[PDB]
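K.L.:
Before anything else, here's the structure in question.
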Ligand SMILES: Cc1cc2nc3c(=O)[nH]c(=O)nc-3n(C[C@H](O)[C@H](O)[C@H](O)COP(=O)(O)O)c2cc1C
Ligand SMILES: CCC(=O)Nc1ccc(N(C)Cc2cccnc2)cc1C(=O)O
Ligand SMILES: CCCCCCCCCCC[N+](C)(C)[O-]
Ligand SMILES: O=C1C[C@@H](C(=O)O)NC(=O)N1
């Protein structure tokens, strides 16, 4: 009903940003039905120092300001990541800044880190901090994704601020150095810049009290050169980074895009990104010898999509764009299909399938 009627009818009435705002509101108010699908033990994953009751999370960008976390767990996500959050509030780019490519099952966005800022999000998370502590213990962890202000003159200091303010409230933190929509940000993926940045981030993280000490992951682009990926793997292993998120949106425009809006500036997400992301997961898993947990993201809209990223080396996956086309039912669909495929392919559970292609 969502895929065939409601979503198509909604998208025909609201521009994508308005639709997004409404979706966040509806979710935060808990207007959706509580998901029927009950997670089986097969879907449980233990990684990053936590239990995840299922491996399917909501990717950063949907709940940028931490407004809909509980509604998202109700939707059936096994973990929630909010953000990106910047130190000071900022408006992001002028509108329009989000575009649907329905013929491609893709989206292009250039939000530019519109963010309520650390202080607002801090108090928002504090208001439900003990509820989250129980959810986490129950296998439903919370990630917080950190960004940088447009006018900041010290990128490392922006991330350090984010570690200090939201680190205590997060099960894991994400150093997002892969947004295509903030000038100069992706250059922080370079070896020397990344090592300096992550050394500072990890020191700030290590200075937090033990029970408030998050895992730290780095989120990378799908558009890296082979040299870029080798350098990132090297730095991650040198510094003991806890994990990678692979990938952000692509600035590439793959041959074959049909959408009228295909040449809008911004990051491309959804199906055209899927296999580019999967191959990046595959490479980073190999470069890190399977020792570094990967959250695989990009174009996941089915159980097969999820399992392909898991077999390529992901311990967990996330989705966003699929939600915008298929709506809330896609979460249970992905989980149900993933369980069936795991059984069909001889895996006792998700854990057995992680990196299976490499063996
Ligand atoms: C509208 C939109 C906003 C996004 N905002 C962020 C963000 O703030 N921080 C971040 O790390 N990734 C952000 N992303 C990237 C997603 O987290 C994800 O990496 C990417 O969309 C690929 O997954 P998908 O194809 O399932 O959407 C955004 C994506 C979209 C579509
Ligand atoms: C790319 C910008 C973006 O986020 N877009 C959307 C996000 C959610 C939804 N829903 C209506 C799904 C939904 C419905 C109710 C609750 N949660 C999610 C639709 C869209 C859309 O663009 O049509
Ligand atoms: C309020 C301080 C400046 C940033 C405002 C951000 C508004 C965010 C609106 C909901 C999220 N969305 C991506 C749909 O705009
Ligand atoms: O990390 C990010 C940032 C986001 C934005 O434009 O705010 N757009 C994206 O596609 N990825």
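Using the numbering of Swiss-Prot, the residues shown for chain A are 36-394, in order.
Cβ from N, Cα, C; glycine included.
Residues or ranges marked as active site, nucleophile by Swiss-Prot: 214. The FMN binding site annotation in Swiss-Prot covers 95, 96, 97, 98, 99, 119, 180, 211, 254, 282, 305, 334, 355, 356 and rests on experimental evidence. The substrate binding site feature in Swiss-Prot is assigned to 99, 144, 145, 146, 147, 148, 211, 212, 213, 214, 215, 216, 283, 284.
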K.L.:
Is any of the recorded positions 95, 97, 99, 214, 254, 355 within 10 Å of residue 145 (substrate binding site) (Cα-Cα), and if so, which, in sequence order?
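P.N.:
Correct set: 214.
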K.L.:
For the C-alpha pair, I'd like the distance in angstrom between residue 147 (substrate binding site) and residue 214 (active site, nucleophile), rounded off.
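P.N.:
About 8 Å separates the two Cα atoms.
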K.L.:
What's the CA to CA span in angstrom from residue 97 (FMN binding site) over to residue 283 (substrate binding site)?
P.N.:
13
K.L.:
Could you check which of these recorded positions, 211, 213, 214, 215, sit within 10 Å of residue 180 (FMN binding site), going Cα to Cα?
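P.N.:
Matched recorded positions: 211, sequence order.
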K.L.:
Ligand 1 is in the model; which of the binding-site residues 97, 147, 211, 213, 215, 254 have a C-beta less than 6 angstroms from one of its atoms?
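P.N.:
The qualifying binding-site residues are 211, 254.
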K.L.:
Want to know which recorded positions, from 211, 213, 214, 215, 283, are within 10 Å of residue 254 (FMN binding site) at Cα; which are they?
P.N.:
211, 213, 214, 283
K.L.:
To the nearest whole angstrom, state the Cα distance for the pair residue 99 (FMN binding site) and residue 211 (substrate binding site).
P.N.:
13
K.L.:
Report, in whole Å, the straight Cα-to-Cα distance of residue 95 (FMN binding site) from residue 213 (substrate binding site).
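P.N.:
Here the two Cα atoms lie 12 Å apart.
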K.L.:
If you measure C-alpha to C-alpha, which of 214, 215, 283 (recorded positions) come within 10 angstroms of residue 95 (FMN binding site)?
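P.N.:
The recorded positions passing the 10 Å Cα test are 283.
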K.L.:
Near the Cβ of residue 254 (FMN binding site), how many other Cβ atoms are there if near means within 10 Å?
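P.N.:
There are 26 such Cβ atoms around residue 254 (FMN binding site).
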K.L.:
What is the total of other Cβ atoms whose distance to the Cβ of residue 147 (substrate binding site) is within 10 Å?
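P.N.:
So the Cβ neighbour count for residue 147 (substrate binding site) comes to 20.
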K.L.:
Looking only at 95, 96, 97, 98, 99, 119, 180, 211, 254, 282, 305, 334, 355, 356, which the record lists for FMN, tell me the maximum pairwise CA distance in angstrom.
P.N.:
20
K.L.:
Give me the CA-CA distance between residue 215 (substrate binding site) and residue 355 (FMN binding site), in Å, as a whole number.
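P.N.:
Cα-Cα, rounded: 17 Å.
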K.L.:
At the level of the C-alpha atoms, what whole-angstrom distance separates residue 211 (substrate binding site) and residue 305 (FMN binding site)?
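P.N.:
Counting only the Cα atoms, the answer is 19 Å.
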